[PDB]
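Residue strings, one per chain:
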Amino acid sequence: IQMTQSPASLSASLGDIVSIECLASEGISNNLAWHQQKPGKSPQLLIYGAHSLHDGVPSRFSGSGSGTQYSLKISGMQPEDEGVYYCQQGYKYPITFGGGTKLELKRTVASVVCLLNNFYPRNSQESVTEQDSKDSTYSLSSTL
Amino acid sequence: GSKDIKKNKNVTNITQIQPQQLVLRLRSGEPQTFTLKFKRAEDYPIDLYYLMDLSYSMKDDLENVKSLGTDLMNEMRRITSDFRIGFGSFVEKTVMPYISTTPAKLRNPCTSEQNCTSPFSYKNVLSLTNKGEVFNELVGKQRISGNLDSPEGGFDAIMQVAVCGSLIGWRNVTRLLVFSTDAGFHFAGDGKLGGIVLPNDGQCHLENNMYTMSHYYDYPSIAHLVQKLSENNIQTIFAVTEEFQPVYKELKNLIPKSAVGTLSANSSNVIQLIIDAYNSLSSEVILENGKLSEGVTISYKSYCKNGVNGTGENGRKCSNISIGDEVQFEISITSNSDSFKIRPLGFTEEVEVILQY
Amino acid sequence: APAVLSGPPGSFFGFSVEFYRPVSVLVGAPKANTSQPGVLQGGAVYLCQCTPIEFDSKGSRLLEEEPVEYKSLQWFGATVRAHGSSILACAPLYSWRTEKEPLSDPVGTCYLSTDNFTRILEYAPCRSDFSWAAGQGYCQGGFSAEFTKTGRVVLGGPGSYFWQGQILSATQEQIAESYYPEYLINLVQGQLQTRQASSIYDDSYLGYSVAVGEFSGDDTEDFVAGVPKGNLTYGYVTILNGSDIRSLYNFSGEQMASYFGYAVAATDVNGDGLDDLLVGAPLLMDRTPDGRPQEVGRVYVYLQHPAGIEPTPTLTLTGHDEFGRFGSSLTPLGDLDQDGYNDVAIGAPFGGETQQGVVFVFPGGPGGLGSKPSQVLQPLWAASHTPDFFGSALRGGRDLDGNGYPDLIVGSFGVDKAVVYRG
Amino acid sequence: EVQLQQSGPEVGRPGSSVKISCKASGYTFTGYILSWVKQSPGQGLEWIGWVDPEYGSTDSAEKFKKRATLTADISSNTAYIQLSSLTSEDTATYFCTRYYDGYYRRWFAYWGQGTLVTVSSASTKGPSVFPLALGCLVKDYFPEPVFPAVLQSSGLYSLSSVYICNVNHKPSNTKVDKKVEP
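Residues numbered from 1 in each chain as written, not as in the entry; some residues may be left out. Chains lettered and ligands numbered in written order. Heavy atoms only, no water.

In its metadata, the entry names cryo-EM as the structure determination method and reports 2.54 Å as the resolution.

Novice: Kindly report on the overall build of chain D, identifying the contributing residues and their values.
Specialist: On a plain count of helices and strands, chain D comes out with zero helices and 18 strands. Looking at chain D as a whole, 48% of its 182 residues are labelled buried. Counting only carbon and sulfur atoms, one obtains 50% of the accessible surface of chain D, whose full area is about 8300 Å². Between the mean site of the 17 positive side-chain charges and the mean site of the 15 negative ones, chain D shows a separation of 4 Å. (Helix = DSSP H or I, 4+ residues; strand = E, 2+ residues; numbered from the N terminus. Buried < 20%, exposed > 50% of the residue type's maximum accessible area, 1.4 Å probe, protein only. Areas by Shrake-Rupley, 256 points an atom, 1.4 Å probe, with all protein chains shown as cover. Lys, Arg positive; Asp, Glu negative; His and termini not counted. Charge placed at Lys NZ, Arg CZ, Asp CG, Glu CD.)

Novice: Summarise the interface of chain D and chain A; cite the residues concerned and give the values.
Specialist: Between chain D and chain A, the contact holds 27 residues from the first and 29 residues from the second. Here chain D meets chain A over a buried area of about 2600 Å², counting both sides, of which 63% is carbon and sulfur. Considering only the surface of chain D that becomes buried against chain A, D:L45, D:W107 and D:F147 emerge as the three largest contributors, covering 26% of it. At the boundary of chain D with chain A, the tally comes to nine residue pairs in polar contact. Among the elements of the structure, β5 (34-39), β10 (92-99), β11 (108-111) and β15 (150-151) of chain D are those that each provide at least two residues to the side of chain D that touches chain A. Among the elements that take part in the side of chain D that touches chain A, β11(D) stands out by supplying three residues, more than any other. When its residues are assigned to classes, the side of chain D that touches chain A shows 20 nonpolar, six polar and one charged. (Contact = heavy atoms within 4.5 Å. Buried area = accessible area lost by both parts, 1.4 Å probe. Polar contact = N/O pair within 3.5 Å; in protein donor to acceptor, adjacent residues only side chain to side chain. Nonpolar A, V, L, I, M, F, W, Y, C, P; charged D, E, K, R; others polar.)

Novice: Provide a residue-level description of the environment of B:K192, including the pertinent values.
Specialist: Tracing the backbone through its elements, the reader meets B:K192 in the loop between β8 (174-181) and α7 (222-231). Along the chain, B:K192 and B:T70 lie 122 residues apart, while their C-alpha atoms are 40 Å from each other. Every residue in contact with B:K192, bar those within four places of it in the chain, is listed here: B:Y98, C:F143, C:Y208, C:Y262 and C:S392.

Novice: An account of the UniProt feature "disulfide bond" in chain B is requested, with residue identities and associated values reported.
Specialist: Residue and element names in this part refer to chain B. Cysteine pair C164 and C204, annotated in UniProt as disulfide-bonded: S-S separation 2.0 Å, below the 2.5 Å cut-off, and the bond is accordingly regarded as formed. Of the two residues, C164 is situated in the loop between α5 (155-163) and α6 (165-168) and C204 in the loop between β8 and α7; the sequence distance between them amounts to 40 residues. Residue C204 is classed as partly exposed on the basis of its relative accessible area of 39%. With its sulfur atoms 2.0 Å apart, the listed UniProt disulfide between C304 and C318 is closed in this model. You can see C304 sitting in the loop between β13 (302-303) and β14 (326-333) and its partner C318 sitting in the loop between β13 and β14, a full 14 residues away along the chain. Comparing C304 with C318 shows no difference in burial state: the two are buried. (Disulfide = S-S within 2.5 Å. UniProt positions renumbered as here; feature names shortened; annotations may be inferred.)

Novice: So, the sheet that holds strand β14 (residues 137-141) of chain D: which residues are in play, and what are the values?
Specialist: All names here are of chain D. The four strands lie next to each other as β13-β14-β16-β15, forming an open sheet whose pairing is antiparallel. Every other strand in the sheet has two partners, leaving β13 (128-129) and β15 as the edge strands with one partner each. Pairing of β13 with β14 involves two bridges; the strand directions are antiparallel. Each bridged residue has a counterpart across the sheet, and for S128 the counterpart in β14 is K139. (Pairing = 2+ DSSP bridges.)

Novice: Tell me about the state of the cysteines, residues and numbers included.
Specialist: A covalent bond bridging the sulfur atoms of two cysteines is what the word disulfide describes. For the structure on display, the rule yields nine disulfides over all chains. Paired through a disulfide, A:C22 and A:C87 show a sulfur-sulfur distance of 2.0 Å. In this structure, the disulfide formed by A:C22 and A:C87 twists by about 60° around the S-S bond and is classed as right-handed. Taken together, the residues span a long stretch of sequence, with A:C22 in the loop between β2 (18-21) and β3 (32-37) and A:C87 in strand β8 (residues 84-89) at a distance of 65 residues. Residue A:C22 shares its accessibility class with A:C87, and that shared class is buried. The residue that forms a disulfide with B:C110 is B:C116, at a sulfur-sulfur distance of 2.0 Å.

Novice: Tell me about the pairing of strand β16 (residues 236-240) of chain C, residues and numbers included.
Specialist: Residues and elements named next belong to chain C. β16 sits mainly inside the fold: five of its five residues count as buried. Both faces of β16 are covered, namely the face carrying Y236, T238 and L240 and the face carrying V237 and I239. Relative to β16, strand β15 (residues 222-227) runs antiparallel, the two sharing five bridges. In the sheet register, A225 faces β16, and the bridge partner there is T238.

Novice: How would you summarise the arrangement of the chains if you had to cite specific residues and measurements?
Specialist: Contacts are most numerous, across the four pairs of chains in contact, for chains B and C. Where chain A comes nearest to chain C, the C-alpha atoms are still 39 Å apart, and the two do not contact one another.

Novice: So what about the UniProt feature "binding site: Ca(2+) 1" in chain B? Which residues, and what values?
Specialist: All names here are of chain B. As annotated by UniProt and renumbered to match this structure, "binding site: Ca(2+) 1" occupies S57, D60, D61 and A265. With the annotated positions falling across 209 residues, the maximum pairwise C-alpha distance of 8.9 Å places them together in a single cluster. Classification of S57 as partly exposed rests on a relative accessible area of 34%. Excluding its chain neighbours within four sequence positions, the residues that come into contact with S57 are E152 and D182. For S57, the side chain forms a polar contact with the side chain of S55, separated by 2.8 Å. Inspection of the secondary structure assignment puts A265 in the loop between β10 (261-263) and α9 (270-282). Among residues more than four places away in sequence, those in contact with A265 are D60 and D61.

Novice: Explain α9(B) to me, and be specific about the residues and the numbers.
Specialist: All names here are of chain B. Between the first and last C-alpha of α9 there are 18 Å, a value that for 13 residues agrees with the 18 Å anticipated at 1.5 Å per step. Among the residues of α9, those classed as buried are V270, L273, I274, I275, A277, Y278, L281 and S282. Summarising the contacts, the buried residues of α9 are in contact with β5 (46-53), α2 (69-76), β8, β9 (234-241) and β10. (Expected span 1.5 Å × (residues − 1).)

Novice: So what about the interface of chain B and chain C? Which residues, and what values?
Specialist: Tallying the contact residues gives 45 residues for chain B and 40 residues for chain C. Counting the surface lost from both chain B and chain C, the interface buries some 3800 Å², and carbon and sulfur atoms represent 67% of this. Summed over the three residues of chain B that lose the most area to chain C, namely B:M96, B:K192 and B:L193, the buried surface amounts to 18% of that side. At the boundary of chain B and chain C, one finds one salt bridge. When the shortest N-O distance is used, the salt bridge between B:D190 and C:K229 registers 2.9 Å. Across the chain B-chain C interface, the total number found is eight residue pairs in polar contact. Breaking the side of chain B that touches chain C down by element, the ones donating at least two residues are α7 and α8 (245-254) of chain B. The element contributing the most residues to the side of chain B that touches chain C is α8(B), with six residues. Taken together, the residues that form the side of chain B that touches chain C break down as 23 nonpolar, 14 polar and eight charged. (Salt bridge = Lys/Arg side-chain N within 4 Å of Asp/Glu carboxyl O.)

Structure below.
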């Protein structure tokens, strides 16, 4: 069982409904869950039993499907919805996961250290922090 | 006389049987019938124990049983919301003539080429847990063993699994015991050959998860096995091969709440066997008179789905009970101060009958 | 006035009984430590400073270092039979080390005494070239046995041919002529034994019990041998011709795993000059009217008619006791009440209110055996933790004191005692 | 509230063994299976295996059956994972996770704070903060933690930060307070 959950990554407008599918290699009999990965934090359970809602999760999240095909439907997004979403199976062993969907909400297109700010999209390799919950910008700093 | 129904909590849209209590009140010629509206409640918890033959004939069967805990749960998901699995092992009693007591062959009861663990009557490999992974791992760690005669000592293992409620880990749910063999079965009297004359007393003789009292106790009779399986709400699924299908098929006729099934040489269809057998069992309801006599006789008239109505032993049985299907049991205590227990076998959920007459 | 006797406790005494009238009860204690050097709990047969008669005084034989036959835990004396001046104390778990290869095969070894132990013949017919239970290796010759009226030795090894079972038969004369203890394998000539059947008859336990009686009018005693696990574990009881064993009849059982052949008998229950078959099923479960499946037991009686023996039991008398294992030890009693109508005894190991065990005795009648035991016999001692086992090994049908009526001897190895009863 | 308090970020050498703890609180430690879900920085979740405090049995994937010796201590409600024969390629975050009651509900409901072990052949090094004189730049420091830190070919961590900045160091205890100046 290998879950090639679709899509690899996506971006949608505020309040838009999106379905994320996790097709299993075999009928798992509603043995599918969903997790959300905030940056620098532990993943949190969202959907259990392929339909049910975990406690503390906003009701916009919903689970459906049976047999092999399942869907993670989000009834409108918010800045709080950013994260990497993994579908987890519980049919065989070892446990399998999805590739992870980067649910990054979109917005209007935007020694000495050179600072770069407000760009969208995008020897030594430089990392970029995740978008902030206030204005959703990306900044880069490179040392040269 | 009167039904005097009390504590009849209505069957859940968990009570599967209403009334859950009543006190009937008359004696000679009493036909007091109380309709037991039995509604098969969806998602009622199930505990399962897979007792497996570990003689050399099931060396290949054990490989298929290796990955069973996760699979059986994955399949009973659609029938219950809370399920557990445990495992036990049995080969044969650890004495002659069922094995050769030579120093060389006591370590390896099978041939020299076939490596085998020293014989053991029963070993509780795993106690009931909601973790099928522990089932799979502890089953894989089990090593094949062997004996000498074709029949195998599984009845002492069945009794040991039944009696040790706390150690095995039985809950107050429906209990299933998938007793898997490919050869015949030893029983009471088969122990006289080895000088094992005291029968299985029916107690918990499990020390360090090992039935070390093989040499002292005999295999139980089928009657005693029936008593211990029914009294502990355990529905046996005699998963046996086709060569002994005309054997265990007759065996199921005596053992209540059983459903025999056929497997391949490697028990490949054991999960489908369990599912179909439990579909037969759940769609069945053998109400028990519990134990009452000398002043009580219960006649039964079931009215199940599709309008089929049984009488007597047939009336004690229903068939084709779908999910949530309501059946009516014209349970007539004829009698001819005491509170006895009416139980659908395999169900801890109970109705209480008091014949105050 | 019941004569309550006792035996040596704590030695597995009481595992069998016998008769004597040349006066002697040969009771075996198969888990008794012996005086044989290097032998651990071989077992012995007792006729009792009280000492049993050493059937073979010398210890375990040695291979021509390692002994050539494991007398340790040989269970010697489990089944002891006697006819006249002959004793057939056998060791069902006598695992002799085959001189060819080291094997712990309980071939079973009977020490055939003659003329009051003046010569002890090591008669082990299952100890032959056939071993491993592929032949007579695990046969356990002497697990059950019997004697005809001519002194012919009849043995039943329920382990022969992969526990298919077989009936051995040779007289004293052939045993003596073929007797040569210098070789441990004595091929006795002219020995009538059941031929090896097909593998579909495996695990049938033929000879688990052994009885004798006339069933074909051939003037010779015809062998009855219980087969409690034959016929797809239903159990049958075959009858064999005395002059040559052959195959006279078969009689299938009427329930599964009831052990149709745990004990058998053969006696003129109908009193017409023709012996009749009786079988016991100690595992005969039977659902009560409450729907609760509880063993009560019944005994199948195949009456013999002049045209032959009907395949259906003319009567299957039933036990009422709860879990009594009724049908554990059948043995003819003869004319108990002096009406010319032979009776039969039967023992309940775990029956009775306090797990004592009633020995049920049925009256005679036109239909053969009765269905409700006219006389009820129970052990006299108080119950203890260990089971009474009163009726797990019994013999009877002869007279001991010559009082004019037949008696019976009960072997109760739960407390290692015995009781005799007279009319 | 079920919480899984793990040990601090461990440091191990290639070939040595590290013992990551998981002090499980808020639930019956023995009654629930405890699994380890390795998560490399920037990668997904890979199920290492599982421990069982009740009967002591452990089962891992084919990649962790011989390497990660999983174990649990019943008395202390703490589970350990022994990274026998470590490799510098396994510098990652190791989660101890609890199933959602188990049975078929094998969902990882609860996750620990994460033990970002840094398996490398470099000892603890002081944080070298050298700004232009707006923010404080941290270069050539070991180990994490104090823009996520990115490891370079020099073998030491380095991160950028954009009032006096106070870069802390729990292991090294080399507190540095550099005033943000042009």
